[PDB]
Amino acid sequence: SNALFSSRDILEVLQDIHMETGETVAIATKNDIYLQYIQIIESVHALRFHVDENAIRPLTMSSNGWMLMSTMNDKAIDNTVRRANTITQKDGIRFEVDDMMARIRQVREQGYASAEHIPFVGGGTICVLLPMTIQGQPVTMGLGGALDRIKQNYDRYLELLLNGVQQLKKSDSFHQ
């Protein structure tokens, strides 16, 4: 019942990270074991991520995924990695429950996630968990672009995401 003022708070923060970084920026949540985008703002760089929305993407395949999985219980993470392997292995990719469960525990610890070449060669991504939930689901804010641009701006980009989180500690969770 206050969904719009929260969406606006989030959009304003996401617009700031887009202005300062020029990268593809997004808010995402989970849909069962798949990553769901709520809002994407496309990069202005020549070489960029063009997010195809019809794409089905398991949570094991992106740093946004690991951040979202880090919110589940272990029973649910194990099911997720297992179920997700049967899908990604149709393309020869499959993470060992052991190491994925380790990466997830680390991400939960350090407060954010980043990834090189995952899901895509030449790409780099960094994301954080937003303080609020949307429709009972946890929510993520992240940026993506060409790996080199990401590597060379890593500390600055991270800092902006984390500070974006601080700016939203006054925004409500909503079920709309």
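Numbers for residues come from their place in the sequence shown, where the first is 1.
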Please work out which of 49-57 and 122-130 has the higher mean CA B-factor as recorded in the PDB entry. 49-57
Using the B-factors in the PDB entry, rank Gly65's C-alpha atom against the chain and give the third, lowest, middle or highest. middle
Could you say whether, by C-alpha temperature factor, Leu35 belongs to the lowest, middle or highest third of its chain? middle
So, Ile77's CA B-factor, relative to its chain, sits in which third? The middle
Which third, lowest, middle or highest, does the CA B-factor of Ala113 fall in along this chain? middle
What third of its chain, lowest, middle or highest, does the C-alpha temperature factor of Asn163 fall into? middle
